[PDB]
Amino acid sequence: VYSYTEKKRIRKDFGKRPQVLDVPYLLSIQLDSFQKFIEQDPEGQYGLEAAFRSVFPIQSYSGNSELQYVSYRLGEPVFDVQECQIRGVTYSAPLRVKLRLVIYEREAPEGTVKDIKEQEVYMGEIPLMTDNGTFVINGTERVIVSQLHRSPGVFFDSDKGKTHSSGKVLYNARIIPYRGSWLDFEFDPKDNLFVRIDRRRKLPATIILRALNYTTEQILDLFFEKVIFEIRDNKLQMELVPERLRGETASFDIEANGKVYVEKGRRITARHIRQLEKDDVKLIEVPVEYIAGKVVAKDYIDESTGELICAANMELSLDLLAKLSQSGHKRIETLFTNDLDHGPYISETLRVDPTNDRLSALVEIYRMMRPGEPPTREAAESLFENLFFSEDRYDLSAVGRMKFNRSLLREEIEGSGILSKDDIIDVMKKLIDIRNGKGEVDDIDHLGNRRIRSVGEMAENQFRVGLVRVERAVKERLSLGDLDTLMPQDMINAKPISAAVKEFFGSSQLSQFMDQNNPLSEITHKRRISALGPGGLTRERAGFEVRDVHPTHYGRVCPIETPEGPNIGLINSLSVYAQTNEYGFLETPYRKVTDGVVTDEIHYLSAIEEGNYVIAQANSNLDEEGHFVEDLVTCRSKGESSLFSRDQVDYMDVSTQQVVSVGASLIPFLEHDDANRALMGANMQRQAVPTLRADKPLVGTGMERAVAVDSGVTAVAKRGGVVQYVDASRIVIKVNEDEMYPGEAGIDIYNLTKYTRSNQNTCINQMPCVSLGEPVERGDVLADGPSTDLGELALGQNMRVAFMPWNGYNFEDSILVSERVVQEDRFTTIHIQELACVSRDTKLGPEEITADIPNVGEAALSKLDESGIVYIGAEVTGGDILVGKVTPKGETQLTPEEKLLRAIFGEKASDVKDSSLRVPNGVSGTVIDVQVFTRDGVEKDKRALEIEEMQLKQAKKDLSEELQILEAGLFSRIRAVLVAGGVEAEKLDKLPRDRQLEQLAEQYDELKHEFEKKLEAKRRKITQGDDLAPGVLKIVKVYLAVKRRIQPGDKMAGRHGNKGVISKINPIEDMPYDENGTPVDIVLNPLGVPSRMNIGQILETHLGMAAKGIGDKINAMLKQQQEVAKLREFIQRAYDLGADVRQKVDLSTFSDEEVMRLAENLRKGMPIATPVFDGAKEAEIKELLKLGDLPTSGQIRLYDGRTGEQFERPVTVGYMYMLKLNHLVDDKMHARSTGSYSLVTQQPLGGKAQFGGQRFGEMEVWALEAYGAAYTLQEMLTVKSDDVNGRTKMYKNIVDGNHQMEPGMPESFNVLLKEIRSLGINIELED
Amino acid sequence: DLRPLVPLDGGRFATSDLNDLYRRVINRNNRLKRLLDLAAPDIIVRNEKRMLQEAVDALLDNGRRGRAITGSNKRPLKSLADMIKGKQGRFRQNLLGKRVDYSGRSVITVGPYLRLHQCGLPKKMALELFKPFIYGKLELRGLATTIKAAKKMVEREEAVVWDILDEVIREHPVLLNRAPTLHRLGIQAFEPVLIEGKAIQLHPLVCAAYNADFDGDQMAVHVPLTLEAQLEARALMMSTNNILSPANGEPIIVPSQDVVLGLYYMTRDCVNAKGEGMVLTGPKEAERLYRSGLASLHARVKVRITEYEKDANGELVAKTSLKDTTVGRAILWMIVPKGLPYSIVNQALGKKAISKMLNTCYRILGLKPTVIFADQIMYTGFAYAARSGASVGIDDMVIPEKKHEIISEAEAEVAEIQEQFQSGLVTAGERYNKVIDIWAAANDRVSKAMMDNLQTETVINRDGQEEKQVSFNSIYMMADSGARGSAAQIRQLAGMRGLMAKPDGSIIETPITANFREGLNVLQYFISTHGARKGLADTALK
Amino acid sequence: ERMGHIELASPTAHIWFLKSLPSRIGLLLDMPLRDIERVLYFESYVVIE
Amino acid sequence: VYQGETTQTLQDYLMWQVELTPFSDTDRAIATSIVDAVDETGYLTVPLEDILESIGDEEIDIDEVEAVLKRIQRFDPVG
DNA sequence: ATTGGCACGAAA
DNA sequence: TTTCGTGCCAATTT
Ligand SMILES: [Mg+2]
């Protein structure tokens, strides 16, 4: 079963693996993101609701009044997308927010409700996203690129011994919130823990602990295990735990129960620990020397003196031990600090830490944060509270909290947005555990640690940024007491919010003009992922590791589509099936394997979830029931690939094209190409320019239709029906009665875009592809946009190509092109340019656009109309006047000479200047469109009235069509009611259509009134004036269209990274030809094939030759009229070819007309689809060649066109898809003799827009110095660039035939001298 | 005039950064003067003096001390120090380098017909570049009586101005430069030839010095003005003067690609070719036989060759003898100058052989014969490479028949080692090393089998027997002649790709066993991307 | 090529001879740079005689 | 940073044509004086006696100034 | 990010 | 009272 559009031309598919998941909508990442930002949410997150609730309620310091938020609404846009693009305005909607102000009373419990006033206010304009995922800011479409950034949370890393000279690793941890300040913990080579706030001066790690109201004993209890010393009247008898002594050397005599398990000088082994556990040895006698370094845990005070014998966290000595023993003490607490497992870091950090209280830590924190000011207790407390524990300054978002809890191995996912003591304690404990040796550091390049941020989230953030400033203004203005009269409308101003929104949508780094070379360019731009921008990386500080391909990129980021240069590895493209989580993490689909059979249920797994399973590769053979055949399946388990058993497989890939992007999936035979050439081809494929006629690839992958349809370049039927009207500019479809809404005339009108300018000065034009009266269905293609052929992507042309050297004209990527290609206009392109003329208001009267330019002659005004504007369709060149404008010059005194001039030549010539718009030199074309914008209140000229009439005609036509259909229906009802009475057989026919019946007449009158109202509304919308600018009266825009042909110097390319420049246009009789006299179109050098290793082009050439042979057979059968039976038999043979393909084409369900139409569409070659990793084999290509009566090897004999003799070896001849890139020599060639100079440096300007010169940089100076050409360098330095007298003297001497120069002094040296003197330094030349 | 204002549309003049700094300094100075005259309290005059000091510091060097003051869009203002220093400062932007007049640029194409000292210049560029010369020449011969008359004649592009341009560009070198200019060979002098179109034609033999290829490269052209500049271009920067590398003394005019392929093809022998076994009077008879279709270019024959050798006093003495050679070698002998022996061409000529021949010609005879020899070599190589009809097909990548057995044996060995590790006899590192060594040995065996199968072919003898000769495979001929491709690339084309490395550097144990004629699956292609992107990133960043 | 001049109401230190790491003023007077800056920006006094 | 561009006025065009005209030193000085006293509309704003005084040499008559002026008047634009 | 000079703090 | 180490600042990156 094929759709109507697809049934016209079916592309043979060589794929063999069945499809289980369809390719999703390629622009979901933009539409869903913006819908989340725009749509109403019952919950308090995901959009404008979250921003409003994170700021409101806004309450004053006095607390007697506050602002309450209720709801918001988006109004209808004033102009549509087409209207916005035509006028040059923003497609946006107004925001109406219903605020409410309450008044509280005094001397009463809580707040008594004195009054409540609720009002709806205007908060500005929010730009809206179109159906194609774009924004119209100023008559231009724009794209916001998604950003790949670092996820919030806690991350543990280290330095690989580079910081220290001894190669010691210093682990560290970092806490990054979504909005707030960072928190760092780090180590030192002396193994002391330290803390850092907002990347500032290092502080001890116990400062924050003391600031969190913790004593030394509590800290030691948190970070250490207590050891109990029991003074059993002799030598501090110890309760021993066997596991404490693992990996330790005994420094004393260990004996128990009369048995010496461990002697002096003997280390404790595992067997000794086992024996101690078996005997449960507890009581151990130790000498006093064993406690020469043990550290007491808590504080012990003598009961007699009552003073502090020893402070907490201090080693005990013999004198201290004697003092505590003579003080009647029996229980002591110490810390276990073995040097292998439980490293003593916190104790040393406490020793280094000077503070021993809760206030001095706050004072030190305040001093470190704000130097050069006396400390204050309240200020320090406020700063500490606001750093991490205030909801208004610190926010750990839901994704941040989830990542924090997952890193800390907690269970709860939800939580608070602010830090707590327990979180910091757990972070410290995890860092200490990592230092000890039980833990692993995190990988920053892992896709589970990198997050995706789209347009909606950025818009929400900017809206909140504006809203907090609005709240600050409200708080400032709410101090004054005027609650009895003021309204919320005047309490707030929408200027900051609108300014922030427009600045984000217009001047952000991630907001760019959409790439509009072809639909593939737009698709790639809308699916682009960038690591740069506000909050991301910089290309000069990135490094090698962030630019590499990570295993987690598998199925989420394309590994062979990235720019080559400074931005390599930083700009990425989304995969075909890749999605994003609710937290913004990339996930990819898989098929679940249950009980050894691959099911059809699809699970989307993220990077974290992926690593826990064994996933089989897509290229794995199965059975008709779904069993793996090979017992060692290749699978990826933990970031590495290896062989597994059949029963160890958990998941499988859903397709063979899920690892590449849209651009990389359009390259046939991709698996036969090297990765670098594949990348080059992918980059080159999206800069091809559309030609006059589209041509399908004839060798494809099957993704052309998805790209063509998902891109909004084509016209797609919204509802099914029949083509009522077809025209080159409009299509009218009569909707089926089963899809029509009640009380509506069912018609769909599609107005096609005709010869409009794109962002790259190319042509956008739509052509109908349906006939009058044919049926259509929902989703069918009605018109083809640029680079589209019957709903398929068509970026280039099919060219007959041979691989052989030809007299050095294909030397080093040069391309030889036949003259027939030029004669057939196969690579001719249309380019459209716009020019603008602005008439403003001056002090000496206003500037006038007029036909009376007194100084110029009669001929120069021949192409201007009565209003002073060039005619539509005029051929113009450099220097021609497009719009005539005069600037008034005013003087109220008339000298006798001026009076004589006025008398002789008229007063109009005087007091007037010339400021007309003229075509720049080197520019030619045809005037195709003129648009006039006039300020409101200014009289319109004749041209604007004609344009308005033209605009009104189309609206009248559409309204008349709908109204006449409705009138026909109503008159049918009138006749049905009337003939039920007097059965006037011929009276009704003879009488006009004027003619319960009163109700129908009233309905007719109401319908006419409603359509008159609609027409009046459309007329008012058309007649509406423009608000241009302060002091601007009128604007006139003129569009020029030109056609560029192919010529030497133009850049051509294929789809496999084989680019080149045309070197010669060869006459037809000189090209190589075969036995039938058919010449080739393009000759390519074979020497570029083996070194580049891009073999896919040879296979593409062979398959294109086979397809062209099949098409030639079909065309030959068509030329001599044969019955449909033989045609359909041959077509069935062609479609049934292949080794167990997944495509079944049954022509028995086709009618004779359909078969003939298919044969007509197949007479120029049968299109073929080969997936990127499920394509055609060589045997199938050879079989298809045999079906077309062509040699199996794909090589034929050629003859020289100049001599007629045969080439000594067979040559590979076939068909390849070639592209014309947007690098035209017409835009490259530039030359200059003399021109304008800078005012300051007096040097020639740069660029081709001005008549600029080429820069002679330092390296060229070095090259000249290495030759010893002093005079050439001197004339480069002085008489060519910045010696004012030298230039004139050299020019005069050259005109006089004297090739000599006077060097002189450069002016830039004088400028440098003046600039240095302006610094107060006396620099001068002497002698 | 060194700090001008910005005149824009609508009459707005705005301001510059230096002007803003001066205005701030002047305002502070005037306020301080007034306060000092009014005898203000010291608490205010101290603050005013501090603000004046800060304003002066910002004017002299903004941002050096404290926080730099910003403009309308929160960007720091440019001070005098910013003008003086930096890559955007005076020294590196206007004094050590600058833009010049009489210059142009455009895309480059290949001119195979050009001589070594010639370049192809579009006449539209040349009309603009040599405009004052055209004015002078028009005034010189009475065509124009005033400068404006010549100006209008050039503007109209009359028929005679093209003859004037052709006369004035007769002997006037132009300088061609390609960026980046890494050494002094990046700028060279050429004699222009007026051509149609908009692209500059470049001699192939000078493409190696420029490091240029014809896939979008652009070049700049400069015109010398004075007699000294023209003579320096002709005597120092001319291409014919640059034949040895100043870095090491090696030649820089080495032929490559098509010329090498053609010369290699023509100077080869076949066991049983048409016309084999006949005796020829000389190279002219060999060429006459070849052009008539009576003898093969590879046929082994006997030719009467006369060769000259330099005597003790420096004179040439000739000797004539019969030589066993081929038709193509005899045809090529008509190009070699008289001072070289016949043994320099009686072999298969690769890249190294052609380089040796050119170096011998330069060492024995001199510079001008070397240039003539290089031009003739390029012409003959192009002509015979075109005539040979060398192509590339899928059947040229011949896969050895024993690849599958080698792969199966390697898989069996690694399976046995994995089972033994499962039995616990060895550790992980030893097993990893054993697997790596086994796969390396398998790859070496596959490469050897592929090269053995590719490099030879079987031919029928004159009597009817069998002989083994060097293969005429197009890929093998391209790789063996030194034109394009090396052994590793051919191995990747027709044998297993081998072991791949992770981005850190560790080698993945399981290799890619498929070549490029066969398809790679998703996993192997994904594995190769690590090395591909690592190499590309290193190239971009260094 | 014509320059002008401004008469400062009070003396002002040149920043090049102050904030360059080998501070010329500080090395000449043999004083730390911090004290020099504190005196210059009206944060502390210094005794002349 | 902004610097601007050098624009060619009527006097710049006239001096460019003067420099490419075979004048003598005295004739070139007279031509410079004449081109100096030309307004925006292309008319001479001073009598030739003022130009002769501005020359400052006592060996030049009004006839040489007349000849130089007639030569200048045939420049572009004519008149 | 990386390197080198300079002021500062702890130790012989 | 000298001497080496550690933290800070300024320079650089087609
Ligand atoms: Mg290149």
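In what follows, chains are A, B, ... by sequence order, proteins preceding strands, each numbered from 1.
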A:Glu564 has an atom CD; how far is it from atom P of F:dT14, in whole Å?
-> 20 Å
From F:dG7, F:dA10, F:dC8, nucleotide with atom closest to C:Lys19 side chain = F:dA10
Out of F:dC8, F:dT13, F:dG7, which has the shortest distance to the side chain of A:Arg201?
-> F:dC8
Could you give the CD-to-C1' distance, from B:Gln88 to F:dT14, as a whole number of Å?
-> 12 Å
Atom-to-atom span, CZ of B:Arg178 to P of F:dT14 - whole angstrom = 19 Å
Test salt bridge (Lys or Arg N to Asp or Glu O under 4.0 Å) applied to A:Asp1227 and A:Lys1248, step by step | CA-CA 9 Å; A:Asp1227 302 327; A:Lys1248 192 186 174 180; 5.2 Å; no
Which nucleotide in F:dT13, F:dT14, F:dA11 has an atom nearest any side-chain atom of A:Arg541 = F:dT13
Could you list the residues that satisfy side chain to side chain donor-acceptor pair (under 3.5 Å) with A:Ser360, not counting sequence neighbours?
-> none
Comparing A:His164 and A:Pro566 on DNA chain F - which has the more 5′ nearest nucleotide = A:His164
Under 3.5 Å side-chain donor-acceptor pair for A:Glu1260 and B:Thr181 = yes
Could you check how far CD of C:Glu37 sits from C1' of E:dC6, rounded to whole Å?
-> 14 Å
Interatomic distance, C:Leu18 CG vs E:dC6 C1' [rounded to whole Å] = 16 Å
Could you check F:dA11 and say if its sugar is north or south from the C1'-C2'-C3'-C4' sign?
-> north
Think A:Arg1255 has a side-chain N or O under 4.0 angstrom from the OP1 or OP2 of F:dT14?
-> no
C:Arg34 has a side chain; which of E:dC8, F:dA10, F:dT13 sits nearest to it?
-> E:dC8
So which one's nearest nucleotide on DNA chain F is more toward 5', C:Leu21 or A:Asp188?
-> A:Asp188
SB check A:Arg1232 B:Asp101 (cutoff 4.0 Å) = yes
Atom CD1 of A:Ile568 to atom P of F:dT14: distance rounded to whole Å?
-> 19 Å
Salt bridge (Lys or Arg N to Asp or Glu O under 4.0 Å) evaluation trace for C:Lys19 with B:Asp57 | CA-CA 10 Å; C:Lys19 292 300 299 178; B:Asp57 289 2; over 6 Å; no
Measure from CG on A:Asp159 to P on E:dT2 and round the result to the nearest Å.
-> 11 Å
A:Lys160 atom NZ is separated from E:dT2 atom P, nearest whole Å, by 12 Å
Ignoring the backbone of A:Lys162, work out which of F:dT14, E:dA1, E:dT2 is nearest its side chain.
-> E:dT2
Mind checking B:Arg92 for me? I need base, sugar-phosphate or nothing, with any heavy atom below 4.0 Å counting as a touch.
-> sugar-phosphate
